[PDB]
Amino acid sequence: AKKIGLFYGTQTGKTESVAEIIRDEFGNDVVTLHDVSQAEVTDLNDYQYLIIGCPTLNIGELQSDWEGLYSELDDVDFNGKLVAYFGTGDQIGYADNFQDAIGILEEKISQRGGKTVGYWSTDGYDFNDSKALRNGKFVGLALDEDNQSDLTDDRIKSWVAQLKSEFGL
């Protein structure tokens, strides 16, 4: 399999659009996209580097497909793997639950052995609370296509450059 496995869930396609851009930034040959509606938890075993994408929905909840796989994460050993996270959200409409989903996923995957890389600054965002906070930084890249779609491309560019360094790729 390719070097990096990017597993994402999506309802209206924004998380998928972001996933495609992330793939392009790394290079089409480095990343393989996996929509978790079609994935099995065991597919995560095929990669030494993982990128987890998920929108926060219905006020602080995981996207449905990730919700389903979450329950089976206990069946996977992430030890030895480096994992990064990106989330889509709306900081204005859900200021108290901005990017909660990636925080929820990282908490579980880290417990299962996955080492987190890709922490992201909170500068440039206006929100009140988030389960994705770790020492003042988001556990991963935060995109907001509802209010800051004009910032997404450059944010991904910067984040991918960071991940190449942290992944050692």
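The numbering used is simple: start at 1 and walk along the sequence shown.
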message = Per the record, averaged over C-alpha atoms, which has the higher B-factor: 8 to 16 or 21 to 29?
response = 21 to 29
ask   = Which is higher on average in the deposited entry, the C-alpha temperature factors of 38 to 46 or of 132 to 140?
value = 38 to 46
Residue selected from 103, 113, 124, 55 by maximal Cα B factor = 113
query = Can you tell me which of 69, 62, 51, 117 has the highest Cα temperature factor in the record?
reply = 69
inquiry  = Lowest, middle or highest third: which one holds residue 82 when the chain's residues are ordered by CA B-factor from the entry?
reply    = middle
